[PDB]
Amino acid sequence: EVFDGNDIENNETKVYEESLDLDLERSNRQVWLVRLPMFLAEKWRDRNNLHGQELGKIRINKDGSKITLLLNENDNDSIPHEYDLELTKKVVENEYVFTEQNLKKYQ
Amino acid sequence: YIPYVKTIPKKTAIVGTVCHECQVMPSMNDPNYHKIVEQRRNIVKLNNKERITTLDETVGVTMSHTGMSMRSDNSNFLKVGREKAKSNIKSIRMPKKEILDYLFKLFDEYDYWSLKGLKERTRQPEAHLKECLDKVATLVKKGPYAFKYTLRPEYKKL
Amino acid sequence: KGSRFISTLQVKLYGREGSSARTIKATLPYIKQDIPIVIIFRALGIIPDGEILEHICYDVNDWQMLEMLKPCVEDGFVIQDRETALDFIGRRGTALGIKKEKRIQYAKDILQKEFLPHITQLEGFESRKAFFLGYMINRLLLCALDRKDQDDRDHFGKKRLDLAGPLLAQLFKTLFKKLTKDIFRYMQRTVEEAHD
Amino acid sequence: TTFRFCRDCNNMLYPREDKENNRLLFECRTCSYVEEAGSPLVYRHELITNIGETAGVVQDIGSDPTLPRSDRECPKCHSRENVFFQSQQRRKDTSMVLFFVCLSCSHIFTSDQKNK
Amino acid sequence: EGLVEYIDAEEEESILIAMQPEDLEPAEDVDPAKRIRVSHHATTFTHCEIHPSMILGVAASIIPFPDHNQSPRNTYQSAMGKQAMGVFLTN
Amino acid sequence: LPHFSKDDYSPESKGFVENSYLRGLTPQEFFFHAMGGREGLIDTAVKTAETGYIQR
Amino acid sequence: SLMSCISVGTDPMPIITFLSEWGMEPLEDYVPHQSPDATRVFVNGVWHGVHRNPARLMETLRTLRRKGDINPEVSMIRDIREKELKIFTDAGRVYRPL
Amino acid sequence: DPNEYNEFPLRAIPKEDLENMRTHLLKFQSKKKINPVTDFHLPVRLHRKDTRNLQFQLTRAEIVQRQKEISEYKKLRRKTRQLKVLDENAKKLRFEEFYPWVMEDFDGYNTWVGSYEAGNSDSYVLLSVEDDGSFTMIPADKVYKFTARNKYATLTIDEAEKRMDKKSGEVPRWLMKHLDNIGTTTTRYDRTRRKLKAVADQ
Ligand SMILES: [Zn+2]
Ligand SMILES: [Zn+2]
């Protein structure tokens, strides 16, 4: 949506029905940035798949903060179903997750 | 301040915070880990590019299509020469009063006309149209509407 | 896998050993002047100085090389913004057909498509290019501190032999470039003058 | 000399002479962030240098097959096997003094006799 | 099978190569006519030479006992063997 | 040579040929003597042209 | 020389992918202070990132080349002194067997 | 297997709530902690915009101040040409990232400019912790490097060039401290603060 900047004519209220302000109420959600191998990324990033189905379970052992994955059998059999989620930082600073949404030019 | 910064507005929303740099390692004790190792060895083994194709037929059969040949081109690609030469203009000497009335009508519609637009509007031979033009009108030489025929000031009042 | 063009990047240490104002200036292609380093790193999106000499220096105890790069950050001190650095490097671009606001995009093109082109041609890769430039400067300053001697030009590992493969490759590349130019010329002529 | 940086914008700090207390303060030239300097030294320029002699020593320096072997005495664990090399700086006037690195405990000990 | 390996000049910088297997490899009266062999007194080799005579080119491989000559004479013979006269092809 | 360890300053490691021509050269000694002969040939080739230049 | 051959050069991209799938941390998220002992990894003169355990990576790569999974013309060099792992793949490199 | 842990199941996102929205990745660059819920003056605005000629653009507080004050005040053709080949995806990235992401708070205290990173943006996936402790898988697409801009009252370029010219002498060590004592070329936040305190006093 190409638009002229620094508009003090308040045209954005009429041409955009959605508020321009950033939504912040989901910032308190906790996210895990997970890096995948090539096969796991291929089966976890294809748009012909991932219809909301469950993919596995995450075992978080509390003895030494050891996190392991127990994947479901719905994906394959030749790949492993147990994985070790290694952590290099228990606290990650200055890093967030945000989304983009197109605005409504109508009304 | 300048009230123009070329801002593209898009709806944006924070959808969470990350606190753990997670990475997935395959388990060593899994029986299927060796399948992953063999898969990576097959990845570093396979080739993305194939070899060239060698024409194993007789060389003259291949050369028959080349250059100095019987086989004229049957493709229609970029044949602008044949498709722009099929439009032919044929016109006759329509009587003088009708064509000058037509010229006056077009001059009343718009005062400034070139040779090509007037010819495609009236469908007349170039010599007769030129005679009917310079009998009753003239073309601009040094004005902003140069090389366009306009009506004489004597006939401009009507 | 590109245009097979050879771009020379020279990182030069100005000033002699007895001189104290020893600043490092890099010779970018298509740029008349030799740009100081810190301006280039700010042009690559690394604005703060600490990450700049982090990219230069990997051992925090190596105080000597930090000392001798101190005049470089002192020289590239007035520029403290990425876009100011971009304008500063683009204004000596060898184009002379670009306006004020296109200086930034011009300098971005300069740093993307031929500044260290063997790494990448794409955008979004300024971090690795900046790290490689920091590595180049680290090697330069290691040679300047006599931790490592200068490179042997006669070392046979640093040499390659163009056999019939690569030689015919570059020759055929040139000839096919010329043939494609001729095909485009023929197409342009047969559209503009329409003789089929 | 141990350069210190601003904690706000990560720029190096610069000394100041002040007549208010006549103490050594280091300031950020960008955001005016100030602290006391922990040492009166603000500049060092060493001409003859012993730094870089033991440079390049890592935890797996004994895995290099090109490094020669010797049988000197390691005076921290008393081992009879080690590698050794000359001073890593490439000055024209550095000596043939060797830096023996024991493989058992990664202890660097030299063969210089006047220094010992 | 990992029995031989291709090494270039960069990879030569980080390896240790033995002259002969029967001499330098096993852990260590001598014939006075033989040349003096130094065993290098170190056993940490990663590679061994296939044969030391293979360092020569095509022309220098024609020279009988090139290690018993002055090296410029070997260079002269290497240049001279191209001017030798004989059968070059059977056709 | 890659047949010696690092920082070897022994005479055989830096180009001392102990064998005679009669007994033949070890391959390291052979290569070092080849380097010396190459230097001699290069010096001859440049010296002939330079001294002809000076003489004219 | 008689035994010397010259590499015809292969694609380094399988090697880069293999490194990235064996703990070679990418260069984008590398910080030298938090990884002071990291070994820089070069492929055809392109620094692709760092590795924390270079010895295991080198023996894995050497075993792969010795079993033929990697092309034998690929030359891999570990200089332990300044912690660089240089891998060369391009054509024109003169090699000899040992 | 005994359950001595909290084995949370993992579920994927549907494909219906992936079209027409893109879930990128945020990454600030500062040695201190950056938090929009606390360190930012609400409302916070994030839009893709041109960063060309900064320090002359007023933030949203002064924009709505000007809006209020003006509401009170009013009431031969070249024929053929060469077409260079270019891939569609990189063209879309270049046109998209022709303007960077710029996010600012209401008063302009924290202005962060985003830079695209493509090194490992494809291998990354997001596991957001749900409200019940479960995990939803979100395939991340792009990673953006965000840097704070004009925090310590940055300056223009012509003065920098004339200081780097050798017609003048040595550059002084504390020049912008003297300039901030003068009161020229301050931060965007302070520039908005002056106008806000000028309008609010009436
Ligand atoms: Zn500061
Ligand atoms: Zn010891």
# chains A, B, ... in the order shown; residues from 1 in each chain; ligands from 1
call {"tool": "select_by_dssp", "arguments": {"residues": "chain G", "states": "helix (DSSP H, G or I)", "output": "PyMOL selection string"}}
result
chain G and resi 13-20+27-29+54-66
call {"tool": "interface_residues", "arguments": {"of": "chain H", "to": "chain B", "cutoff": "8 Å", "atoms": "only C-alpha atoms", "output": "list in words"}}
result
residues 46, 47, 48, 49, 50, 52, 56, 57, 58 and 128 of chain H
call {"tool": "write_last_selection", "arguments": {"atoms": "N, CA, C and O atoms", "output": "short mmCIF file (atom, residue, chain, number, x, y, z; two decimals), in the first residue's frame"}}
result
data_model
loop_
_atom_site.label_atom_id
_atom_site.label_comp_id
_atom_site.auth_asym_id
_atom_site.auth_seq_id
_atom_site.Cartn_x
_atom_site.Cartn_y
_atom_site.Cartn_z
N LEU H 46 5.25 1.37 14.22
CA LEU H 46 6.16 0.63 13.35
C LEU H 46 5.58 0.59 11.95
O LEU H 46 4.53 -0.01 11.72
N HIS H 47 6.28 1.23 11.01
CA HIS H 47 5.92 1.16 9.60
C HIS H 47 7.19 1.17 8.78
O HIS H 47 8.22 1.70 9.20
N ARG H 48 7.11 0.58 7.59
CA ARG H 48 8.21 0.64 6.64
C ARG H 48 8.20 2.01 5.97
O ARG H 48 7.21 2.39 5.33
N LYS H 49 9.29 2.76 6.11
CA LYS H 49 9.33 4.12 5.59
C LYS H 49 10.73 4.44 5.12
O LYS H 49 11.69 3.70 5.38
N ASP H 50 10.85 5.56 4.41
CA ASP H 50 12.14 6.05 3.96
C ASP H 50 12.89 6.68 5.13
O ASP H 50 12.32 7.48 5.88
N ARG H 52 15.55 8.46 4.46
CA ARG H 52 16.30 9.53 3.81
C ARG H 52 16.02 10.87 4.49
O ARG H 52 14.86 11.21 4.76
N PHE H 56 14.99 15.75 10.43
CA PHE H 56 14.08 16.80 9.99
C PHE H 56 12.63 16.36 10.05
O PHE H 56 11.74 17.14 9.67
N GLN H 57 12.37 15.14 10.51
CA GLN H 57 11.03 14.57 10.55
C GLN H 57 10.54 14.57 11.99
O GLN H 57 11.25 14.12 12.89
N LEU H 58 9.33 15.09 12.21
CA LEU H 58 8.78 15.18 13.55
C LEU H 58 7.99 13.92 13.88
O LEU H 58 7.35 13.31 13.01
N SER H 128 6.42 -20.54 20.01
CA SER H 128 5.82 -19.64 20.98
C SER H 128 5.16 -20.44 22.10
O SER H 128 4.42 -21.39 21.84
#
call {"tool": "residues_near_ligand", "arguments": {"ligand": "ligand 2", "cutoff": "7 Å", "atoms": "only C-alpha atoms and all ligand atoms", "output": "PyMOL selection string"}}
result
chain D and resi 74-79+102-107
call {"tool": "write_last_selection", "arguments": {"atoms": "C-alpha atoms", "output": "short mmCIF file (atom, residue, chain, number, x, y, z; two decimals), in the first residue's frame"}}
result
data_model
loop_
_atom_site.label_atom_id
_atom_site.label_comp_id
_atom_site.auth_asym_id
_atom_site.auth_seq_id
_atom_site.Cartn_x
_atom_site.Cartn_y
_atom_site.Cartn_z
CA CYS D 74 58.17 -29.47 32.54
CA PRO D 75 58.41 -27.76 35.95
CA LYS D 76 54.73 -28.05 36.82
CA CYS D 77 53.97 -31.74 36.29
CA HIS D 78 57.42 -33.24 35.49
CA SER D 79 56.62 -34.63 32.05
CA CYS D 102 54.06 -29.58 27.80
CA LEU D 103 51.26 -31.77 26.49
CA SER D 104 50.19 -33.13 29.88
CA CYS D 105 49.21 -29.82 31.50
CA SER D 106 49.57 -27.24 28.66
CA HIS D 107 52.26 -25.36 30.58
#
call {"tool": "residues_near_ligand", "arguments": {"ligand": "ligand 1", "cutoff": "12 Å", "atoms": "only C-alpha atoms and all ligand atoms", "output": "JSON, numbers by chain"}}
result
{"C": [48, 49, 50, 80], "D": [4, 5, 6, 7, 8, 9, 10, 11, 12, 13, 14, 26, 27, 28, 29, 30, 31, 32, 33, 34, 35], "H": [30, 31, 32, 150, 151, 152, 153, 154]}
call {"tool": "closest_residue", "arguments": {"among": "A:92, A:85, A:79, A:60", "to": "chain H", "atoms": "only C-alpha atoms"}}
result
A:60
call {"tool": "residues_around", "arguments": {"residues": "segment 7-18 of chain F", "least_positions_apart": "5", "cutoff": "10 Å", "atoms": "only C-alpha atoms", "output": "PDB file with N, CA and C atoms, in the first residue's frame"}}
result
ATOM      1  N   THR D  66      53.421 -31.206  12.679  1.00  0.00           N
ATOM      2  CA  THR D  66      54.588 -30.500  12.171  1.00  0.00           C
ATOM      3  C   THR D  66      55.468 -29.953  13.282  1.00  0.00           C
ATOM      4  N   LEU D  67      54.925 -29.764  14.479  1.00  0.00           N
ATOM      5  CA  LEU D  67      55.725 -29.235  15.569  1.00  0.00           C
ATOM      6  C   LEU D  67      56.707 -30.292  16.067  1.00  0.00           C
ATOM      7  N   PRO D  68      57.960 -29.920  16.298  1.00  0.00           N
ATOM      8  CA  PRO D  68      58.952 -30.894  16.756  1.00  0.00           C
ATOM      9  C   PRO D  68      58.701 -31.316  18.192  1.00  0.00           C
ATOM     10  N   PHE D  84      57.795 -27.758  20.959  1.00  0.00           N
ATOM     11  CA  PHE D  84      58.479 -26.486  21.137  1.00  0.00           C
ATOM     12  C   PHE D  84      58.499 -25.734  19.821  1.00  0.00           C
ATOM     13  N   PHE D  85      58.729 -24.430  19.929  1.00  0.00           N
ATOM     14  CA  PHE D  85      58.786 -23.546  18.777  1.00  0.00           C
ATOM     15  C   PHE D  85      59.518 -22.281  19.190  1.00  0.00           C
ATOM     16  N   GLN D  86      59.962 -21.527  18.194  1.00  0.00           N
ATOM     17  CA  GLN D  86      60.610 -20.255  18.461  1.00  0.00           C
ATOM     18  C   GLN D  86      59.563 -19.185  18.751  1.00  0.00           C
ATOM     19  N   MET D  96      66.652 -17.079  19.218  1.00  0.00           N
ATOM     20  CA  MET D  96      66.357 -18.491  19.015  1.00  0.00           C
ATOM     21  C   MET D  96      65.783 -19.159  20.248  1.00  0.00           C
ATOM     22  N   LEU D  98      63.449 -20.939  22.750  1.00  0.00           N
ATOM     23  CA  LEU D  98      62.363 -21.855  22.453  1.00  0.00           C
ATOM     24  C   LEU D  98      61.301 -21.783  23.536  1.00  0.00           C
TER      25      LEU D  98
ATOM     26  N   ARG E  35      75.064 -43.479   0.782  1.00  0.00           N
ATOM     27  CA  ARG E  35      74.908 -42.114   1.248  1.00  0.00           C
ATOM     28  C   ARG E  35      74.342 -42.110   2.665  1.00  0.00           C
ATOM     29  N   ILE E  36      74.598 -41.025   3.387  1.00  0.00           N
ATOM     30  CA  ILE E  36      74.175 -40.940   4.780  1.00  0.00           C
ATOM     31  C   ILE E  36      72.683 -40.641   4.826  1.00  0.00           C
ATOM     32  N   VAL E  38      69.597 -39.686   7.213  1.00  0.00           N
ATOM     33  CA  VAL E  38      69.118 -39.194   8.497  1.00  0.00           C
ATOM     34  C   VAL E  38      67.676 -39.651   8.684  1.00  0.00           C
ATOM     35  N   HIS E  40      65.643 -38.467  10.935  1.00  0.00           N
ATOM     36  CA  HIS E  40      64.940 -37.267  11.396  1.00  0.00           C
ATOM     37  C   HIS E  40      64.560 -37.354  12.877  1.00  0.00           C
TER      38      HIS E  40
ATOM     39  N   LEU F   1      61.246 -27.973   4.043  1.00  0.00           N
ATOM     40  CA  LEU F   1      60.538 -29.025   3.338  1.00  0.00           C
ATOM     41  C   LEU F   1      59.512 -29.610   4.291  1.00  0.00           C
ATOM     42  N   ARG F  23      78.704 -40.622  -3.854  1.00  0.00           N
ATOM     43  CA  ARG F  23      77.738 -41.394  -3.090  1.00  0.00           C
ATOM     44  C   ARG F  23      76.298 -41.017  -3.387  1.00  0.00           C
ATOM     45  N   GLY F  24      76.068 -39.955  -4.141  1.00  0.00           N
ATOM     46  CA  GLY F  24      74.723 -39.555  -4.481  1.00  0.00           C
ATOM     47  C   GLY F  24      74.062 -38.750  -3.380  1.00  0.00           C
ATOM     48  N   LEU F  25      73.029 -38.022  -3.767  1.00  0.00           N
ATOM     49  CA  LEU F  25      72.388 -37.063  -2.887  1.00  0.00           C
ATOM     50  C   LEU F  25      71.075 -37.621  -2.366  1.00  0.00           C
ATOM     51  N   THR F  26      70.798 -37.361  -1.095  1.00  0.00           N
ATOM     52  CA  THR F  26      69.470 -37.604  -0.568  1.00  0.00           C
ATOM     53  C   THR F  26      68.494 -36.631  -1.228  1.00  0.00           C
ATOM     54  N   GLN F  28      66.179 -34.557  -0.259  1.00  0.00           N
ATOM     55  CA  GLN F  28      66.201 -33.201   0.274  1.00  0.00           C
ATOM     56  C   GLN F  28      67.450 -32.463  -0.182  1.00  0.00           C
ATOM     57  N   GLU F  29      68.605 -33.125  -0.086  1.00  0.00           N
ATOM     58  CA  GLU F  29      69.847 -32.532  -0.565  1.00  0.00           C
ATOM     59  C   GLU F  29      69.800 -32.309  -2.065  1.00  0.00           C
ATOM     60  N   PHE F  30      69.159 -33.222  -2.795  1.00  0.00           N
ATOM     61  CA  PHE F  30      69.012 -33.053  -4.234  1.00  0.00           C
ATOM     62  C   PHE F  30      68.198 -31.813  -4.563  1.00  0.00           C
ATOM     63  N   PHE F  31      67.100 -31.595  -3.841  1.00  0.00           N
ATOM     64  CA  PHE F  31      66.273 -30.423  -4.098  1.00  0.00           C
ATOM     65  C   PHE F  31      66.992 -29.139  -3.711  1.00  0.00           C
ATOM     66  N   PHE F  32      67.739 -29.162  -2.607  1.00  0.00           N
ATOM     67  CA  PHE F  32      68.486 -27.975  -2.204  1.00  0.00           C
ATOM     68  C   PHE F  32      69.579 -27.641  -3.211  1.00  0.00           C
ATOM     69  N   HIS F  33      70.274 -28.662  -3.710  1.00  0.00           N
ATOM     70  CA  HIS F  33      71.284 -28.425  -4.726  1.00  0.00           C
ATOM     71  C   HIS F  33      70.656 -27.964  -6.031  1.00  0.00           C
ATOM     72  N   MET F  35      68.016 -26.044  -6.111  1.00  0.00           N
ATOM     73  CA  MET F  35      67.767 -24.629  -5.848  1.00  0.00           C
ATOM     74  C   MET F  35      69.027 -23.800  -6.050  1.00  0.00           C
ATOM     75  N   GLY F  36      70.163 -24.301  -5.565  1.00  0.00           N
ATOM     76  CA  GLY F  36      71.419 -23.591  -5.766  1.00  0.00           C
ATOM     77  C   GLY F  36      71.808 -23.478  -7.229  1.00  0.00           C
TER      78      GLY F  36
END
call {"tool": "residues_around", "arguments": {"residues": "segment 149-155 of chain B", "least_positions_apart": "6", "cutoff": "10 Å", "atoms": "only C-alpha atoms", "output": "list in words"}}
result
residues 103, 104, 107, 108, 110, 111, 112, 113, 114, 115, 118, 133, 134, 135, 136, 137, 138, 139, 140 and 141 of chain B
call {"tool": "interface_residues", "arguments": {"of": "chain A", "to": "chain G", "cutoff": "12 Å", "atoms": "only C-alpha atoms", "output": "NGL selection string"}}
result
:A and (35-40 or 86 or 88-89)
call {"tool": "atom_distance", "arguments": {"atom1": "atom CA of residue 98 of chain H", "atom2": "atom CA of residue 2 of chain A"}}
result
12.5 Å
call {"tool": "closest_atom_pairs", "arguments": {"of": "chain G", "to": "chain C", "cutoff": "10 Å", "atoms": "only C-alpha atoms", "output": "CSV"}}
result
residue,atom,partner,partner_atom,distance
G:6,CA,C:161,CA,7.7
G:7,CA,C:161,CA,9.2
G:8,CA,C:165,CA,7.9
G:26,CA,C:128,CA,9.2
G:27,CA,C:128,CA,6.1
G:28,CA,C:127,CA,6.0
G:29,CA,C:127,CA,9.0
G:30,CA,C:131,CA,9.5
G:31,CA,C:54,CA,7.9
G:32,CA,C:58,CA,5.2
G:33,CA,C:58,CA,6.7
G:34,CA,C:58,CA,9.9
G:35,CA,C:58,CA,8.9
G:36,CA,C:58,CA,6.7
G:37,CA,C:59,CA,9.3
G:38,CA,C:58,CA,9.7
G:40,CA,C:135,CA,9.9
G:44,CA,C:118,CA,9.5
G:45,CA,C:118,CA,8.7
G:46,CA,C:119,CA,5.9
G:47,CA,C:132,CA,6.6
G:48,CA,C:128,CA,7.9
G:49,CA,C:128,CA,8.5
G:90,CA,C:160,CA,9.1
G:91,CA,C:160,CA,7.4
G:92,CA,C:160,CA,4.4
G:93,CA,C:160,CA,5.4
G:94,CA,C:160,CA,7.4
G:95,CA,C:157,CA,9.4
call {"tool": "closest_residue", "arguments": {"among": "E:1, E:22, E:29, E:67", "to": "residue 65 of chain G", "atoms": "only C-alpha atoms"}}
result
E:1
call {"tool": "interface_residues", "arguments": {"of": "chain G", "to": "chain E", "cutoff": "9 Å", "atoms": "only C-alpha atoms", "output": "list in words"}}
result
residues 1, 2, 3, 4, 5, 63, 65, 66, 67, 68, 72, 73, 74, 75, 76, 77, 78, 79, 80, 88, 93, 94, 95, 96, 97 and 98 of chain G
call {"tool": "closest_atom_pairs", "arguments": {"of": "chain D", "to": "chain E", "cutoff": "12 Å", "atoms": "only C-alpha atoms", "output": "JSON lines"}}
result
{"residue": "D:62", "atom": "CA", "partner": "E:44", "partner_atom": "CA", "distance": 11.1}
{"residue": "D:63", "atom": "CA", "partner": "E:44", "partner_atom": "CA", "distance": 10.0}
{"residue": "D:64", "atom": "CA", "partner": "E:14", "partner_atom": "CA", "distance": 7.7}
{"residue": "D:65", "atom": "CA", "partner": "E:44", "partner_atom": "CA", "distance": 5.7}
{"residue": "D:66", "atom": "CA", "partner": "E:16", "partner_atom": "CA", "distance": 5.7}
{"residue": "D:67", "atom": "CA", "partner": "E:16", "partner_atom": "CA", "distance": 9.2}
{"residue": "D:68", "atom": "CA", "partner": "E:42", "partner_atom": "CA", "distance": 7.6}
{"residue": "D:69", "atom": "CA", "partner": "E:42", "partner_atom": "CA", "distance": 7.2}
{"residue": "D:70", "atom": "CA", "partner": "E:42", "partner_atom": "CA", "distance": 9.3}
{"residue": "D:71", "atom": "CA", "partner": "E:42", "partner_atom": "CA", "distance": 11.7}
{"residue": "D:83", "atom": "CA", "partner": "E:42", "partner_atom": "CA", "distance": 11.6}
